[PDB]
Amino acid sequence: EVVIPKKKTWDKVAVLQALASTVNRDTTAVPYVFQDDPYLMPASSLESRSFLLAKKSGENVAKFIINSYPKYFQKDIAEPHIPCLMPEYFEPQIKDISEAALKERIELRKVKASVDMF
Amino acid sequence: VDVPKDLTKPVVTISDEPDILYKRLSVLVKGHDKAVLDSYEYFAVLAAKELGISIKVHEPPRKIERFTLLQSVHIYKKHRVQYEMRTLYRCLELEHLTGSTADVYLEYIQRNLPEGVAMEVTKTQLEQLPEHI
Amino acid sequence: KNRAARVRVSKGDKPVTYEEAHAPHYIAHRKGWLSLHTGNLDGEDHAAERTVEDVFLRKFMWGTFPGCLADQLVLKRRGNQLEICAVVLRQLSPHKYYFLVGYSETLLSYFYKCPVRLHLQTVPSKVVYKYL
Amino acid sequence: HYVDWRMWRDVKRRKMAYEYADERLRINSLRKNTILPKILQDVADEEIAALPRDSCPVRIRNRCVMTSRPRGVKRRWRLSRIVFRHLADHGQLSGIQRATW
Amino acid sequence: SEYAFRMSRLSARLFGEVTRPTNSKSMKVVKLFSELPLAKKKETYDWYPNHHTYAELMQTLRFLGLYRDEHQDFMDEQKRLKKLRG
Amino acid sequence: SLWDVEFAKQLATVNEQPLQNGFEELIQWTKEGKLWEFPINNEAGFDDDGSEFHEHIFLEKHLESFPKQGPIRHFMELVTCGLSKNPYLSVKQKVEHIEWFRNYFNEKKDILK
Amino acid sequence: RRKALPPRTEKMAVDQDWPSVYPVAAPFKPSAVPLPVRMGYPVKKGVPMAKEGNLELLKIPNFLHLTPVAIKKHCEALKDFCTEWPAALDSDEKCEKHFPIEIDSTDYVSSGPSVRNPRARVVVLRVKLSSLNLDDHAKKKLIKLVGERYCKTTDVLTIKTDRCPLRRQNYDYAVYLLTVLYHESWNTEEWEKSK
RNA sequence: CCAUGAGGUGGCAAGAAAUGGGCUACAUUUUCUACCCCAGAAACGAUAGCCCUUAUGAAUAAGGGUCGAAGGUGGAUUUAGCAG
Ligand SMILES: [Mg+2]
Ligand SMILES: [Mg+2]
Ligand SMILES: [Mg+2]
Ligand SMILES: [Mg+2]
């Protein structure tokens, strides 16, 4: 009478996994993390190590600035709210032994725990 | 020489529910560069051909909007400066197109956008009658 | 006589590049738009937000990479992802280059809550279009 | 750090109008309706009259963002004509051509 | 005709609108509470992102000493010159 | 559970290594969810707390504490009409509107004209 | 002090995996691109600017990635994933017979971080009453109720739905509206019998 | 730089008069009626004022009744114009 193809469900990453497996690794080319121009082209192991370590240090500097001044990036301009992009909050609340104890496992340190045991 | 042995394939599951039947996928691309539009349209039609579906194309007219500004700052009513925003249209219609084909093709093209283009999907799907009527 | 996005003709002993060499009535005829987006097209919106934000992008990046750039930038916004393209000089060290790249990219991602990427092309001396 | 004190006042007026936008609409409907009691209409009128200043959306002005120019500002772009011409000449924005037709 | 009047009544009952007749000052309420006010629409609430945020960010970043602000260097250099000259 | 999470994050740190492909970068962006989810329905999230068209439009169940002829009935019926016409103000905003109107004419109930 | 290595033009072989060296969208990177194509207003007794300092090639959109070979490869890869259309459905009359109730939504996509846009809520639907009503009294009643949502030239009744912000809310409201409309056209009243 | 800065209430924004740019008409190529062009009548002119209604606003504009005049192609002081 009528034939209908059945529906399927995919992961958002599965399509791009297919696209990536379609293509092999780039030949005669440094990793994608490194730039393409020849001057910035890291041409040795030690200097490349130092380079991506400087990049990671910039990442840590970004973390430091964001967690030091959260109010600047507090605006959620993007329509999809993302905690990965939201600023980070390791701020102890007001004196409250029960909520402070619940926040212990959230702050991930030891001075708060000493003070709470006290 | 470096050719991988086992290509990692994503997981796929054919759910028991039947796939939806789109009657017509009519996409409308608005651009500023007719050459970029032509390249994008060639890309799209080649992808549709290689995927094995019907295709058709036509170019709606160019739309322009202009507004006049005073050329100078303080007092000059005679000498104005003009501008024009030109938007160029291109249509592509696809018929006899399954829901999963729509999903895969739209994912492909939506990752293959260029920057200075807007893309308007109109999806037409048929369905049976309700039960309460 | 109109003065708009144009450099005065000098004795002919100062480099000038394509974009400021050409006039602002030659933009669509013999130039490309620096920013790439669809807010200007019909049906879109937030064009004011796009303009303000991309102006701020250009200002902040020009001033956080001072003394190395020698020309305007290229902004490329495909849906969500934002891409920047710059041309710079080989003045400072690649250490500083990569550090500032990562720092600024992280800052922009955190501020605009948006995926951002940026690329740079090094040149020993800024390419001149003509001597005007 | 707004451009100037007039922009400061305009932003304050906009904030007040927004944060009392709903109530103003409600009581304005309760006023401009006709079949309801005229005494209730007058109550709503005196309520609007007692509402604070800088709370109406009529006192604000569609000023420019960059140079704080009230006049010659496009509602879409929100920029004064002068700064619009600036950016169009510098080619900063996208997809705008000179109408040499 | 009463037939068309009751046809309109049924159509209104079906599609949501009021069946009973109504004046223009009464449809005022309908369209008012349908369309949001300009005061509430974000076109007025957010006319531009905060110069407060921007300038404070750039000021703190200069204090860190990364963004060589040409305009601010100009301003504070002439400030130094004026305070030197009295 | 806690130490299981500790060991899981340790394993994840051991696994994580720098990517080499823009496709891998896209996979990462979609992993954290910043990259849009194709197809763009413009409604990935913001479902209005599972509200429904009838909860939006039919305010008859919210309208119970007044007869069906009076002027308050007239006004509140027009209010419900306008609210149903307005899609974006959800059932929450509609019920707050109706609550404020209830409070208004019940605190001005001294008239009944 | 530091010196940059020479470009990849001489390094890249004649036989080369362009879809692999350009998998995704990326800049032109003339250092990596061996093609010497130039673009720019040629000066008197001169020529366009070289590809290195030619930032206008970057200004213009970029399509070096996704070569025809790349597109062939990716479509051959995704052929296994894409499904097939029912062979029984090969004509518009057959499709509208199998599934009379047509319904369509729509939405734009634009550059920017945010993605919502009000038009996302709009939907419309269509159905021809030639085969659905199966009667005359309720047909006359329905055509008297509806003012212009129909069009007899092409013989389809069309109705839109945007009263709800959600596409699924609009869909469900349209379905329930059609249901109640048919249920109310089924019956009649004395003032409707008197005409 | 207790101010020549900043904040909040009000009015200010009229014409004994001359002049400039635009609109109406100094008529019957005009005025009214249905259509925009094979008809029939009159032998016109208020975009000002008074009263009322309506649009949004918390607080000018459009419409309805009345008022039904000035007015009789100024010429070479000088404006725009070479075809759609
Ligand atoms: Mg001129
Ligand atoms: Mg106003
Ligand atoms: Mg003063
Ligand atoms: Mg008013």
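- In its metadata, the entry names cryo-EM as the structure determination method and reports 5 Å as the resolution.

- Chain E carries the name 28S ribosomal protein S33, mitochondrial in the PDB entry, which gives Homo sapiens as its organism.
- This structure appears in the PDB under the title "Human mitochondrial ribosome in complex with mRNA, A/P-tRNA and P/E-tRNA".
- Of chain E, the UniProt comment under Subcellular location reads exactly: "Mitochondrion".
- Regarding chain E, the UniProt comment filed under Sequence similarities reads as follows: "Belongs to the mitochondrion-specific ribosomal protein mS33 family."

- Naming follows the PDB entry, where chain A appears as Pentatricopeptide repeat domain-containing protein 3, mitochondrial of Homo sapiens.

### Here we look at the overall build of chain E
Now for step 1: In terms of regular secondary structure, chain E is built from five helices and zero strands.
Now for step 2: The C-alpha radius of gyration of chain E comes to 31 Å, more than 25% above the 12 Å expected for a compact globule of 86 residues.
Now for step 3: Referenced to the eigenvectors of the C-alpha coordinate spread, the extents of chain E come out at roughly 90 × 30 × 15 Å.
Now for step 4: Out of the 86 residues in chain E, the part that is buried amounts to 28%.
Now for step 5: Accessible area of chain E: about 5700 Å², with a carbon and sulfur share of 58%.
Now for step 6: Averaging the coordinates of the 17 positive side-chain charges in chain E and doing the same for the 11 negative ones gives two points 11 Å apart.

### Digging into a positive patch on the surface
Residues and elements named next belong to chain E.
Now for step 1: On the surface, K79, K82, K83 and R85 cluster together into a positively charged patch.
Now for step 2: Following the sequence through the fold, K82 ends up in helix α5 (residues 70-85).
Now for step 3: Under the relative-accessibility criterion, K82 is labelled partly exposed at 49%.

### Here we look at the sheet that holds strand β2 (residues 74-78) of chain C
All names here are of chain C.
Now for step 1: Judged by pairing direction, the sheet is mixed, and its three strands sit side by side in the order β2-β3-β4 without closing on themselves. In the strand order of this sheet, the two ends are held by β2 and β4 (116-123), each with one partner. Mean inter-strand twist for the sheet, computed between neighbouring axes without regard to direction, equals 15°.
Now for step 2: As paired elements, strand β3 (residues 81-89) and β4 share eight bridges and run parallel to each other. Looking across to β4, one finds that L82 is bridged to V116.
Now for step 3: Taken strand by strand, helix α4 (residues 94-112) contacts β3 and β4, and its axis lies near 155° from that of β4.

### Some details on the packing of aromatic side chains
Now for step 1: In total, this model carries 32 aromatic pairs over all chains according to the counting rule given.
Now for step 2: Here the aromatic rings of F56 of chain C and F111 of chain C are separated by 6.1 Å at their centres, their planes lie at 40°, and the arrangement is tilted. Here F56 of chain C, found in helix α3 (residues 47-64), pairs with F111 of chain C, found in helix α4; they are 55 residues apart in sequence, far enough to count as distant.
Now for step 3: Look at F56 of chain C and you get buried, because its relative accessible area is 12%.
Now for step 4: For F111 of chain C, a relative accessible area of 9% gives the class buried.
Now for step 5: With centroids separated by 5.7 Å and ring planes inclined at 55°, the aromatic side chains of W77 of chain D and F84 of chain D adopt a geometry described as tilted.
Now for step 6: With relative accessibility at 6%, the residue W77 of chain D sits in the buried group.

### Some words on the interface of chain B and chain G
Now for step 1: Contact with chain B, which involves 40 residues of that partner, is made by 40 residues of chain G.
Now for step 2: Carbon and sulfur atoms make up 64% of the surface buried where chain B meets chain G, a total of about 3700 Å² over both sides.
Now for step 3: At the junction of chain B with chain G, the criterion picks out three salt bridges.
Now for step 4: Residue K9 of chain B pairs with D80 of chain G through a salt bridge whose shortest N-O separation is 2.8 Å.
Now for step 5: Among the elements of the structure, β1 (21-31), α1 (34-51), β4 (80-98), α2 (99-111) and β5 (117-127) of chain B are those that each provide at least two residues to the side of chain B that touches chain G.

### Focus: the environment of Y110 of chain C
Now for step 1: Along the polypeptide, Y110 of chain C turns up in helix α4.
Now for step 2: What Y110 of chain C contacts, discounting residues up to four positions off in sequence, is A62, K63, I66, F73 and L85 of chain A.

### Focus: the side chain of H119 of chain C
Now for step 1: Inspection of the secondary structure assignment puts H119 of chain C in strand β4.
Now for step 2: Residue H119 of chain C is classed as buried on the basis of its relative accessible area, which comes to 14%.
Now for step 3: Here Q35 of chain A takes part through its side chain, which lies 3.5 Å from a polar atom of the side chain of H119 of chain C.
Now for step 4: Looking at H119 of chain C, its side chain comes within polar contact range of the side chain of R117 of chain C, at 3.1 Å.
Now for step 5: When neighbours within four sequence positions are excluded, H119 of chain C is seen to be in contact with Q35 of chain A, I84, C85 and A86 of chain C together with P27 of chain G.

### Section: the nonpolar core
Now for step 1: Grouped together as the largest cluster of nonpolar side chains are 48 residues, with contacts concentrated most on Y105 and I109 of chain B together with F23 and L26 of chain F.
Now for step 2: Put simply, the parts of the chain that give this core at least two residues each are α1 (12-22) of chain A, β1, α1, β4, α2 and β5 of chain B, α2 (22-32) of chain F together with α3 (68-78) of chain G.
Now for step 3: At eight residues, the largest contribution of residues to this core is made by α1 of chain B.
Now for step 4: Judged by nonpolar contacts, the second largest core, of 41 residues, contains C68, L69 and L118 of chain C together with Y54 of chain E.

### Thoughts on the interface of chain D and chain F
Now for step 1: Listed by partner, the interface residues are 12 residues for chain D and nine residues for chain F.
Now for step 2: Between chain D and chain F, the buried area comes to about 1000 Å², and carbon and sulfur atoms account for 83% of it.
Now for step 3: When residues of chain D are sorted by the area they lose upon contact with chain F, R26, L30 and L40 of chain D head the list and together hold 45% of the total.
Now for step 4: Here chain D is connected to chain F by zero salt bridges.
Now for step 5: Every element with two or more residues in the side of chain D that touches chain F is listed here: α2 (21-32) and α3 (38-50) of chain D.
Now for step 6: Looking at the side of chain D that touches chain F residue by residue, the class counts come to nine nonpolar, two polar and one charged.

### Notes on helix α6 (residues 167-186) of chain G
Now for step 1: A rise of 1.5 Å per residue sets the reference length of α6 of chain G, with its 20 residues, at 28 Å; its end C-alpha atoms lie 29 Å apart and thus fit the reference within 8%.
Now for step 2: Along α6 of chain G, the positions that sit buried rather than exposed are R167, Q169, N170, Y173, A174, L177, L178, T179, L181, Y182 and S185 of chain G.

### Observations concerning the protein's contact with RNA strand H
Now for step 1: Near RNA strand H, the surroundings consist of 15 residues, among which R9, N28 and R31 of chain D together with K25 and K28 of chain E are the closest.
Now for step 2: Looking at RNA strand H alone, sugar and phosphate atoms form 77% of those within 4 Å of the protein.
Now for step 3: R31 of chain D places a side-chain nitrogen or oxygen 2.8 Å from a phosphate oxygen of RNA strand H.
Now for step 4: Note that a phosphate oxygen of RNA strand H is positioned 2.9 Å from one of the side-chain N or O atoms of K25 of chain E.
Now for step 5: Looking at the surface near RNA strand H, the elements with two or more residues in it are α1 (5-19) and α2 of chain D together with α2 (24-34) of chain E.
Now for step 6: Ranked by residue count, the leading element in the surface near RNA strand H is α2 of chain D, at four residues.
Now for step 7: In terms of residue class, the surface near RNA strand H is built from five nonpolar, one polar and nine charged.

### Topic: the side chain of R78 of chain D
Now for step 1: With respect to the helices, strands and loops of the structure, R78 of chain D is situated in the loop between α3 and α4 (81-89).
Now for step 2: Judged by its relative accessible area of 3%, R78 of chain D is buried.
Now for step 3: Looking at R78 of chain D, its side chain comes within polar contact range of the main-chain oxygen of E43 of chain E, at 3.2 Å.
Now for step 4: In contact with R78 of chain D, not counting residues within four places along its chain, are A48 and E49 of chain C, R63, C64, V65 and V73 of chain D together with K42, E43, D46, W47 and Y48 of chain E.

Reading the values: the criteria
- Residues numbered from 1 in each chain as written, not as in the entry; some residues may be left out.
- Chains lettered and ligands numbered in written order.
- Part of a larger assembly, values for the part shown.
- Heavy atoms only, no water.
- UniProt positions renumbered as here; feature names shortened; annotations may be inferred.
- Helix = DSSP H or I, 4+ residues; strand = E, 2+ residues; numbered from the N terminus.
- Rg over C-alpha atoms; globule rule 2.2 N^0.38 Å.
- Buried < 20%, exposed > 50% of the residue type's maximum accessible area, 1.4 Å probe, protein only.
- Areas by Shrake-Rupley, 256 points an atom, 1.4 Å probe, with all protein chains shown as cover.
- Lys, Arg positive; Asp, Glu negative; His and termini not counted.
- Charge placed at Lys NZ, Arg CZ, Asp CG, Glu CD.
- Patch = residues over 30% accessible without salt bridge, like charges linked within 9 Å, V, L, I, M, F, W, Y side chains within 5 Å.
- Salt bridge = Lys/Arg side-chain N within 4 Å of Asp/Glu carboxyl O.
- Pairing = 2+ DSSP bridges.
- Axes fitted to C-alpha atoms, helices over the stretch in contact; angles between N-to-C directions.
- Contact = heavy atoms within 4.5 Å.
- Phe/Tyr/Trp six-rings, centres within 6.5 Å; stacked < 30°, edge-to-face > 60°.
- Buried area = accessible area lost by both parts, 1.4 Å probe.
- Polar contact = N/O pair within 3.5 Å; in protein donor to acceptor, adjacent residues only side chain to side chain.
- Core = buried A, V, L, I, M, F, W, Y, C linked by side-chain atoms within 4.5 Å.
- Nonpolar A, V, L, I, M, F, W, Y, C, P; charged D, E, K, R; others polar.
- Expected span 1.5 Å × (residues − 1).
- Near = heavy atom within 4 Å.

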